[PDB]
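Following this are structure 1 and structure 2, which are two forms of one protein chain, each written alone as structure tokens.
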Structure 1
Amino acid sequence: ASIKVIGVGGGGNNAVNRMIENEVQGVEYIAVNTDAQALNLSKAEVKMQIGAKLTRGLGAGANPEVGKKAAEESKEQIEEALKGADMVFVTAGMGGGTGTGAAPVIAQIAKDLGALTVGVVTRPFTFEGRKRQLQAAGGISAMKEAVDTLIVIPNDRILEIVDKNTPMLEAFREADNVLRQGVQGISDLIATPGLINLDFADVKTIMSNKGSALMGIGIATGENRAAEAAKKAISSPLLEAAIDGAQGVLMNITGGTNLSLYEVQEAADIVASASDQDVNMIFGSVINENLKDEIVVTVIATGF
């Protein structure tokens, strides 16, 4: 499949950088921004400055209507960058001017090109202030109408996972990495050979015109790791609701070379038992040799 990951605005650009840094296979990267400096820091080969006439490379401020207009200014160039894609991941931090306003435009473009369009976006941390929070909710509504499936990750839940003395800059970097795992959790199953892959059509049945979706991540080491990562994924603080409310579930279990098929099934089993009995569930597994005795379960719940 031709898969494109388009990172919109600061947060989205960082997610794309995290993916490049982690050598995610089988995807093309596009970095999009109204801020030319941010964009020139991007490791992506395709760097798309949007709303050059409107913003002059200076960014959108915090106004999402400016981000929207900048994307509208650059419709034709966004179209050209996305032509040929079978699947487009639109990734963004919601709350600011560019992500919140430009991401929904770009998602709708991807859709109008016939791509399976998956949004993977964050709600901002509470410490970013109340206006960012409200703007984000508006962007999330707008995104919902423009994508096939929209994964929303609340950044405040990251803080319930990480060390309480995690500095602000590292908290932001953790959110980039969650966005990365939301994209890569799906993509790797279609596009990276591992232990169990999925056909694009399986993923599509789960994501196509489904609306709201959630993500849980579970990490565990050593004995009982498969059961524990699974139980941790399905109870992840990242989950805004329980996965039994979902029409579809996708599970990715990623491990090192000691990951076994019976471990994958036992994770799958736990996830299936947690899901609706009439869920459509699919799952796969890939190997990352940097992992030793710890595995990672990522669960995407679609169609709430």
Structure 2
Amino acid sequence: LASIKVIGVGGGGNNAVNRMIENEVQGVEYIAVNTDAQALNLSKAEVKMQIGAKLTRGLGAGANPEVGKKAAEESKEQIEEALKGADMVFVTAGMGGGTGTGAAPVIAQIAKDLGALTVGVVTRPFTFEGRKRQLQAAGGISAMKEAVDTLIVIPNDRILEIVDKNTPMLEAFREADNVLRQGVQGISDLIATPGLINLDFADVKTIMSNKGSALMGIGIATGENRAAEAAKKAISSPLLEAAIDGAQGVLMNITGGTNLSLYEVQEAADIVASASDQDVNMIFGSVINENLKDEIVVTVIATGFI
């Protein structure tokens, strides 16, 4: 199985890494990277890497991408050494602030230069976060795209379409953390641990080598008709904010409990295939999570959008 590191960069990455650990996501090594020593000390990762100790003295980057970038530059030797040996590196961060925006591209570029298949999974800030955050996030996304093989972008505004109408702001942020965790786990669960219908690493690498950007969609369903319902919810997810038939590559993960059947996996796959372009390169796998009972989760990652 592939050797996989998941790197949480800055506050958005910190929370996503903790959510993966809370969900007992197996087969990956976690590395929390941050300029903010207080936040870093709340990481559940065993490897906690403080960057920019001299520059920022543990105080964070103050929403300044240049300080995030220079912090990662300060610590480039340590970052390179931590990443050495990985076949694949996920770099997770929230865009718009200082450390995510500035450090995540530096870290991703280091991983990519080492030869790791490098996948960024990042949030674009909620519009309510304001103009400075939006502008800085656009800069980070552009930098991230240069530094990775595939960048999966989670449009946080779309979460607001998904959650209940009176959801407090704190809970909207909490859901963004969960979506980042779902983005990484959707891919890693199919390659990091044994399974009946895993994915071939080489095939993941091919779908993750497309240009342009990538998006994700998530569907969850229970009971009768769950496989079809979950798949339909995934392809119609507000998160997948382009028509899936525009994608060059599609990866589908269906996860269920021990009762997940061949018939259900096929049903879900057929829905996603049918919605996608006729000439799409689509790959899929299934995961048994024995902690699930009657729910199934379908995650779709679509790459190579114009």
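For numbering, take structure 1's sequence and count from 1. Definition used throughout: the rigid core is the maximal C-alpha set that superposes within 1.5 Å between two forms.
A.B. asks: Which residue, chosen from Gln77, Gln108, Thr192, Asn177, moves its CA by 2 Å or more between the two structures under a rigid core superposition?
C.D. replies: Everything else stays below 2 Å; the exception is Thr192.
A.B. asks: Is it true that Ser141 shifts between the two structures by 2 Å or more at the Cα, once the core is aligned?
C.D. replies: It does not reach a 2 Å shift.
A.B. asks: With both forms fitted on the core, give yes or no for whether the Cα of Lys210 moves by 2 angstroms or more between the two structures.
C.D. replies: It does, since the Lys210 C-alpha is displaced 2 Å or more between the two structures after the core fit.
A.B. asks: Give me the C-alpha shift of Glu240 between the two structures, core superposed, in Å.
C.D. replies: Core-aligned C-alpha shift comes out at 2.0 Å.
A.B. asks: What is the C-alpha shift for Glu28 between the two structures, rigid core superposed, to one decimal in Å?
C.D. replies: On core superposition, this C-alpha lies 0.2 Å from its counterpart.
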